[PDB]
Amino acid sequence: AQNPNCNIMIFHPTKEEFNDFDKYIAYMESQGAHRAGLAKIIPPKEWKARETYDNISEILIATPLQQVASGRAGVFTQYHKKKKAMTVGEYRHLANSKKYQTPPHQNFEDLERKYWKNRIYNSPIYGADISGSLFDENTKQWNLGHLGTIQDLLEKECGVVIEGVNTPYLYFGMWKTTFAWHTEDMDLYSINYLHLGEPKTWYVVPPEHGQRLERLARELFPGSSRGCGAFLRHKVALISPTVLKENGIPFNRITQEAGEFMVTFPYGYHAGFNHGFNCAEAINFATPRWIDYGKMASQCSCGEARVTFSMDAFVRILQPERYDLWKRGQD
Ligand SMILES: O=C(O)CNC(=O)C(=O)O
Ligand SMILES: [Mg+2]
Ligand code: NI
Ligand SMILES: [Zn+2]
């Protein structure tokens with residue numbers, strides 16, 4: 001078996017290898033990459049997402065989210081308070097203000113120490129889940145607005161035509177903005193490109209060990225667990241690397257820099273934080289190997305997780321027994 005310790009793998013495709021997206025994903029999996037839950041892909045040196053980022057300031061963040069924490073430094077939840085609309089130029093100025101800017105630090109490890117010590121004492125503002133793309137239409141390779149759709153994959157593998165669409169989303173971050181422990185909707189893959197700015201640190205649990213993370217989360221968030229049988233779908237819970245180590249949970253970490261892609265694999269729990277002002281683009285995708293994960297994915301039926309129009313069809317076709325109860329949650 002390849003990559004039996006489930007380490008995060010880093011790939012450096014040539015421009016020739018960067019032509020065929022599906023083929024490269026299948027290659028990475030042939031080397032065991034999926035066992036980690038997360039891989040990094042450094043694009044060929046000749047490739048670019050677009051010519052410049054000079055003209056993005058007028059993108060609107062219609063509903064910036066203030067991420068307010070509760071709990072202890074290593075075990076906390078966050079709630080998202082809605083704020084008034086602002087442009088990306090206005091958000092960048094806010095991220096760079098004395099109140100929100102990255103503190104002085106020695107290196108990424110020192111900054112990670114400072115994040116886990118101090119995150120709960122601040123409420124950074126995140127622009128999340130903004131439908132759109134920053135890839136130039138002329139970028140033909142690994143353009144996250146031009147991928148094969150999940151509805152087309154399901155149709156190709158299973159023969160069933162379904163409604164729904166698959167588009168990318170933009171993320172504008174600042175120091176301490178946080179993504180909670182989660183897998184993707186329907187345990188899909190994700191791909192994330194860091195277009196510009198400061199890094200993003202990721203933590204990930206190997207898919208084969210995801211249930212260990214779930215059992216710890218039920219112990220650490222016991223009222224949330226009683227409220228919902230898949231409460232990590234709410235995307236609110238954080239657990240630090242120190243707490244994971246104290247409880248024997250297998251995980252890995254890596255820092256993504258501007259210009260780099262990350263891929264998350266089916267049922268790879270992940271969480272992380274931004275180092276300073278940045279912009280990322282991400283989308284879900286599927287492969288043939290995903291189908292069985294989609295059939296087994298947990299679902300939130302308490303009604304908190306509330307997700308896209310296109311997830312309906314996935315549940316209806318892959319999980320017809322759950323359909324009924326999951327849609328009672330979504331209506
Ligand atoms: O970058 C972010 O805030 C969160 N993104 C992801 O969870 C992803 O790409 O799967
Ligand atoms: Mg603009
Ligand atoms: Ni994700
Ligand atoms: Zn729920």
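- The record lists X-ray crystallography as the method behind this PDB entry and 1.2900 Å as its resolution.

### As for the site of ligand 1
- Around ligand 1, the structure places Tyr126, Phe179, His182, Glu184, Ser190, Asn192, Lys200, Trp202, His270 and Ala282.
- Side-chain polar atom of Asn192 to an oxygen atom of ligand 1: 3.1 Å apart, as the coordinates give it.
- Burial of ligand 1 by the protein amounts to 93% of the accessible area it has alone, namely 300 Å².
- Tallied by class, the residues present in the shell around ligand 1 amount to 4 nonpolar, 4 polar and 2 charged.

### Observations regarding the pairing of strand β7 (residues 125-131)
- Of all 7 residues that make up β7, 5 are buried, and the element is covered over most of its length.
- As defined by bridge partners, strand β4 (residues 65-72) adjoins β7 across 2 bridges and the pair is classed as antiparallel. Among the inter-strand pairings, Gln66 is bridged to a residue of β7, identified as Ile125.
- As defined by bridge partners, β7 adjoins strand β8 (residues 169-173) across 3 bridges and the pair is classed as antiparallel. Counterpart to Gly127 in the pairing with β8 is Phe172.

### Regarding the nonpolar core
- Grouped together as the largest cluster of nonpolar side chains are 39 residues, with contacts concentrated most on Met28, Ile41, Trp142, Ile191, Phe261 and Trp290.
- The element that contributes the greatest number of residues to this core is helix α9 (residues 311-318), accounting for 5 residues.
- Once residues lying within four places of it in the same chain are set aside, the contact partners of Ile191 are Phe21, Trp142, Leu144, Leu147, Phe261, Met262, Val263, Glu281, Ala282, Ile283 and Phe285.
- Judged by nonpolar contacts, the second largest core, of 32 residues, contains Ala69, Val75, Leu111 and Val205.

### So, the UniProt feature "domain: JmjN" in the protein
- Residues annotated by UniProt as "domain: JmjN" correspond here to residues 8-50.
- Its end C-alpha atoms 28 Å apart, residues 8-50 is made of 23% helix and 16% strand.

### So, helix α3 (residues 108-118)
- Three or more residues of α3 are buried, namely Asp110, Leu111, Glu112, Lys114, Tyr115 and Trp116.
- Here α3 starts with a cap whose side-chain oxygen sits 3.2 Å from the backbone nitrogen of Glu109, and that cap is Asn107.

### Side note on the packing of aromatic side chains
- Within the structure shown, the criterion is met by 31 aromatic pairs.
- Aromatic side chains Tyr91 and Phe277 sit 6.2 Å apart centroid to centroid with 50° between the ring planes, which places their arrangement in the tilted category. Residue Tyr91 is located in helix α2 (residues 88-95), and its partner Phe277 is located in the loop between β15 (269-274) and β16 (278-285); the two are separated by 186 residues in the primary sequence. Per residue, the accessibility class of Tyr91 equals that of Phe277, and both read buried.

### Some points on the environment of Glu260
- If you trace the backbone, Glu260 turns up in the loop between β13 (252-256) and β14 (261-264).
- When its relative accessible area of 12% is taken as the criterion, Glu260 is described as buried.
- Here the alpha-carbon distance between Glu260 and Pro43, two residues 217 residues apart in the chain, equals 6.7 Å.
- Once you skip the residues sitting within four places of it in the chain, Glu260 turns out to touch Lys40, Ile41, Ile42, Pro43, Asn192, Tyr193, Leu194 and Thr255.
- From its side chain, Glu260 meets the backbone nitrogen of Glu257 in a polar contact 2.9 Å long.

### A few points about the coordination of the nickel ion (ligand 3)
- Distances from the nickel ion (ligand 3) to its protein donors, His182 (NE2), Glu184 (OE) and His270 (NE2), fall at 2.0 to 2.3 Å.
- Along the chain, the residues that donate to the nickel ion (ligand 3) are spaced as H-x1-E-x85-H. With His182 in strand β9 (residues 178-182) and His270 in strand β15, this residue pair connects regions lying 88 residues apart in the sequence. Like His182, the residue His270 is buried in the burial classification.

About the thresholds
Residues numbered from 1 in each chain as written, not as in the entry; some residues may be left out. Chains lettered and ligands numbered in written order. Heavy atoms only, no water. Residues with missing side-chain atoms left out of burial classes, pairs and counts. Near = heavy atom within 4 Å. Polar contact = N/O pair within 3.5 Å; in protein donor to acceptor, adjacent residues only side chain to side chain. Areas by Shrake-Rupley, 256 points an atom, 1.4 Å probe, with all protein chains shown as cover. Nonpolar A, V, L, I, M, F, W, Y, C, P; charged D, E, K, R; others polar. Buried < 20%, exposed > 50% of the residue type's maximum accessible area, 1.4 Å probe, protein only. Helix = DSSP H or I, 4+ residues; strand = E, 2+ residues; numbered from the N terminus. Pairing = 2+ DSSP bridges. Core = buried A, V, L, I, M, F, W, Y, C linked by side-chain atoms within 4.5 Å. Contact = heavy atoms within 4.5 Å. UniProt positions renumbered as here; feature names shortened; annotations may be inferred. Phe/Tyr/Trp six-rings, centres within 6.5 Å; stacked < 30°, edge-to-face > 60°. Donors = N, O, S within 2.8 Å, 3.2 Å for Na, K, Ca; no water.

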